[PDB]
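The chain below stands alone and is given in structure tokens; this is the form deposited in one PDB entry.
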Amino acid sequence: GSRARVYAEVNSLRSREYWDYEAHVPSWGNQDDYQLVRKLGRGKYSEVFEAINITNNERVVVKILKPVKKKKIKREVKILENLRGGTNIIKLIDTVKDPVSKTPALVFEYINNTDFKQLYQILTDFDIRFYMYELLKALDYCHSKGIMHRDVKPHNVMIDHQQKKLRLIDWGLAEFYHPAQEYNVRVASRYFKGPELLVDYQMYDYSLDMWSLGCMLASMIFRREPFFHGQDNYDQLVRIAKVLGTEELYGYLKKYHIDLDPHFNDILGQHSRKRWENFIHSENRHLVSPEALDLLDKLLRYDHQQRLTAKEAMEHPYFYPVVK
């Protein structure tokens, strides 16, 4: 068994209506109130548009949802409503359907994002501290609201660098945390999956997001992006073990009584834990500091329980320059 060290019982302390998303009934407005101007994003068969609300001339974003079960739409909508107004959470403005096809769509506030592949190349140490702190505010908020994001990665973090503004987007994988609940391990994107997912441990919690955040921090300070670049979900665990060490992996598995599938033993091999300083070289030295490495070491830990919480991370010395 396992439970979150923070915010474990919050949902049980709230009204059932808060977390019982299957009982939520969205009101679907008419998408003809929205003029779709420009397709946003890099790809992945995405259907996200810059739009203008024709009734008030406000710029928004319309995300047309691919065919999915109503239950998953209700979950995302309810989570977005519960988080509305939270620090650095994207704001859901409306839920609409095209009046002909009846396809549902979500209307969001617009943020003038710069794609991370371009932005991360020009960030300074200070900027990485600043944006990581802003992202932690969003995660502490959602965790405090009983929700795990489950898909933290650069692609889901919108940053307007000129206005120093950040929003955490794409709540389609998010889920309410309930102690002892067994969750689907088919969440997050490969490079950002925590070890718990890769070894099929279902009793995970908010700390999954803190692994993903650590992966982001590592890529930002070291400039190896993604940081753990598995060729498939099995090799993903090997890439982690080559850094954190194999003995430490088997200690984690023992603690939680996790049986590693036997095929893993041959590919895992034997690896000592690496010092994080080993990743420093001339291309990243101006982004790395002892404080950054200490924080990173406290995020990227096999044992999900031992990872820093979002609030603990916000209190780390790495963020002293950006707290005030």
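In this text, rigid core is short for the largest set of C-alphas that superpose within 1.5 Å between two forms. Note that residue numbering begins at 1 and tracks the sequence as displayed.
Chemist: Of the two stretches 221-229 and 243-251, which shows the higher Cα B-factor on average in the entry?
Modeler: Higher of the two, by average CA B-factor, is 243-251.
Chemist: Going by the B-factors listed in the PDB entry, is the mean over the C-alpha atoms higher for 52-60 or for 35-43?
Modeler: Taking the mean C-alpha B-factor of 52-60 and of 35-43, the larger value falls to 35-43.
Chemist: In this PDB entry, which of 124, 82, 103, 212 has the top CA B-factor?
Modeler: Top of the list by C-alpha B-factor: 103.
Chemist: Would you mind finding, among 113, 236, 88, 162, the residue with the largest C-alpha temperature factor in the entry?
Modeler: Among 113, 236, 88, 162, the highest C-alpha B-factor in the entry belongs to 162.
Chemist: How does residue 15 rank on Cα B-factor within its chain, lowest, middle or highest third?
Modeler: Answer is lowest: the recorded C-alpha B-factor places it there.
Chemist: By its CA B factor, does residue 147 count among the lowest, middle or highest third of the modelled residues in the chain?
Modeler: For residue 147, the deposited C-alpha B-factor lands in the lowest third.
Chemist: Taking only the Cα B-factors deposited for this chain, tell me whether residue 200 sits in the lowest, middle or highest third.
Modeler: It belongs to the highest third of the chain when residues are ordered by C-alpha B-factor.
Chemist: Can you work out whether the C-alpha temperature factor of residue 74 puts it in the lowest, middle or highest third of the chain?
Modeler: According to the entry, residue 74 has a C-alpha B-factor in the chain's middle third.
Chemist: Among the modelled residues of its chain, does the C-alpha B-factor of residue 129 lie in the lowest, middle or highest third?
Modeler: It falls in the bottom third of the chain.
Same protein, other form: the form solved in complex with a small molecule, not shown, and the subject of what follows.
Chemist: From the candidate stretches 239-247, 156-164, 95-103, 226-234, select the single one in contact with the small molecule in the entry with it bound, where contact means a heavy atom within 4.5 Å.
Modeler: Stretch 156-164 is the one.
Chemist: 289, 313 and 322: each with a heavy atom within 4.5 Å of the small molecule in the entry with it bound?
Modeler: None of them does, since no heavy atom lies within 4.5 Å of the partner.
Chemist: Since exactly one of 123, 203, 199, 73 fits, which has a heavy atom within 4.5 Å of the small molecule in the entry with it bound?
Modeler: Contact check passes for 123.
Chemist: Heavy atom within 4.5 Å of the small molecule in the entry with it bound: which of 135, 210, 83, 218 fits that? Just give me the one.
Modeler: Checking each option against the small molecule in the entry with it bound, the one that comes within 4.5 Å is 135.
Chemist: Would you classify residue 87 as touching the small molecule in the entry with it bound, given a 4.5 Å non-hydrogen atom cut-off?
Modeler: No, residue 87 stays farther than 4.5 Å from the small molecule in the entry with it bound.
Chemist: In the entry with it bound, does residue 77 come within 4.5 Å of the small molecule, counting heavy atoms only?
Modeler: Judged by the heavy-atom cut-off of 4.5 Å, residue 77 is well away from the small molecule in the entry with it bound.
Chemist: Going by a heavy atom distance of 4.5 Å, is residue 113 a contact of the small molecule in the entry with it bound?
Modeler: Yes.
Chemist: Can any non-hydrogen atom of residue 253 be found within 4.5 angstroms of the small molecule in the entry with it bound?
Modeler: No, residue 253 sits far enough from the small molecule in the entry with it bound that none of its heavy atoms falls within 4.5 Å.
Chemist: Which residue in 186, 102, 72, 224 stands out, with a C-alpha shift of 2 Å or more between this form and the one not shown when both forms are set on the rigid core?
Modeler: Meeting the 2 Å or more criterion is only 102.
Chemist: Superposing on the rigid core, do we see a C-alpha displacement of 2 Å or more at residue 123 between this form and the one not shown?
Modeler: The answer is no, as the C-alpha of residue 123 shifts between this form and the one not shown by less than 2 Å after core alignment.
Chemist: Is the C-alpha displacement of residue 41 equal to or greater than 2 Å between this form and the one not shown once the rigid core has been superposed?
Modeler: The answer is yes; the displacement is at least 2 Å.
Chemist: How does the C-alpha distance between residue 147 and residue 45 change in the entry with it bound compared with the present structure, closer or farther, given a change of 3 angstroms or more?
Modeler: Distance between the C-alphas of residue 147 and residue 45: shorter in the entry with it bound, by 3 Å or more.
Chemist: Between the shown chain and the other structure, the Cα gap of residue 116 to residue 171 differs by 3 Å or more. Is it closer or farther in the entry with it bound?
Modeler: Relative to this form, farther apart in the entry with it bound.
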